[PDB]
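The chain below stands alone and is given as structure tokens, in the form deposited in one PDB entry.
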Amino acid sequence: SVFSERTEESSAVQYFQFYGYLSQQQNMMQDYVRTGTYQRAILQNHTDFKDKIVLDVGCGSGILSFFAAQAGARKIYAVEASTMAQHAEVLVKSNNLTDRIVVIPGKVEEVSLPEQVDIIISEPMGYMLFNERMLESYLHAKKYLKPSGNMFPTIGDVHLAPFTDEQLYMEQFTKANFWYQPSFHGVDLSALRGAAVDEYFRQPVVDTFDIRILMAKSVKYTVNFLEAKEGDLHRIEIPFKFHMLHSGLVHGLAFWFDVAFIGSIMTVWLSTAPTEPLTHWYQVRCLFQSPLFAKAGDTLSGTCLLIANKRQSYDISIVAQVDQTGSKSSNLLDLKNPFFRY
């Protein structure tokens, strides 16, 4: 299928084992901002669901299908590839909704649905929006979407901004400097110090932070899910030009994302911005191995390039320069191995 061709079986097994756990479902359901905002988006746009046919891509426990049902959907096909499908089935029976929610086990790329659908709902966002490459499954699912069908969420905005955080930088550097030792119990480790630094700075940092560390207005890159095709996400090129508002060392870029549910009645935003209440997505920071000095009024320009890999993640390349000085930094991050710092 399209899923097995873009995915190592090793990555798929680990991925679906992980989403098989009820503890993991619970962790996500307890994020009140996530769950409450999805509910608000669907219920305040009840006319986008009333008497409609719905597809839920990756329904997990089924929670979004239940929200579609509360909003009056006639029929909801809830597709789920993990063993969580069986738990979803139990809840559909115990909430007396077997007439309206139909769980269909398997990958959305491999199953057959009996009907085209009016609206697709999902939670395909990973860290930094794109991690897990579940957005591809969500877009693939448009093959079941009626002409002029909607998607919830409808659009995703990635935000990037340069930051300064000396303590974060030093934490990671200090960990790599373990490999400087010329005599660790009598053994010289120092030839691996370079590789150790590479490895630590390759890890994106998932945590929150105070917005004061941001040194310029964010740049926005928008994916419109109504119009994008799965192959658009194999290679994502994000040019950026920051107008520096504060002088200081730039230790890297911070990422967060918003999605909008663009309904008939109203548009509801789910934000993971550091100005907004915290979600289980936190925010994400990619450190530069060598920080760049910049003055207020300078321009920091470059490119964030995401290349999809077969481990359901992305190789991240960030090249940035201070235009006024020609000072450049180049970085490769492996979004599959983030450092969870909270």
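Take the two forms, find the largest set of C-alpha atoms that superpose within 1.5 Å, and that set is the rigid core. The first residue of the sequence shown is number 1, and the count goes up from there.
Asker: Of 84-92 and 185-193, which one has the bigger average CA B-factor?
Answerer: 185-193 has the higher mean C-alpha B-factor.
Asker: Do the C-alpha atoms of 46-54 or of 60-68 have the higher average B factor in the entry?
Answerer: The recorded data point to 46-54.
Asker: Per the entry, which of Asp99, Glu123, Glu230, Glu199 tops the list for Cα B factor?
Answerer: Comparing C-alpha B-factors across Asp99, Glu123, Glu230, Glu199, the maximum falls on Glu230.
Asker: When you compare the CA B-factors of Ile262, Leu168, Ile104, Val117 as listed in the entry, which one comes out on top?
Answerer: If I rank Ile262, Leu168, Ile104, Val117 by C-alpha B-factor, first place goes to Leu168.
Asker: Mind checking which third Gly302 falls in for C-alpha B-factor across the chain?
Answerer: Middle third of the chain for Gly302's C-alpha B-factor.
Asker: Which third, lowest, middle or highest, does the CA B-factor of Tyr180 fall in along this chain?
Answerer: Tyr180: CA B-factor falls in the highest third of its chain.
Asker: Is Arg40 in the lowest, middle or highest third of its chain when residues are ranked by C-alpha B-factor?
Answerer: Lowest third.
Asker: What third of its chain, lowest, middle or highest, does the C-alpha temperature factor of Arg34 fall into?
Answerer: CA B-factor rank for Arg34: lowest third.
Asker: Splitting the chain's C-alpha B-factors into thirds, which one does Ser313 fall into?
Answerer: Its C-alpha B-factor belongs to the highest third of this chain's values.
Below, we turn to the form deposited in another entry, even though it does not appear here.
Asker: Considering only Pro114, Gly231, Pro182, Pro239, which residue exhibits a C-alpha shift of no less than 2 Å between this form and the one not shown, with the rigid core used for superposition?
Answerer: Looking at each option in turn, only one qualifies, and it is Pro182.
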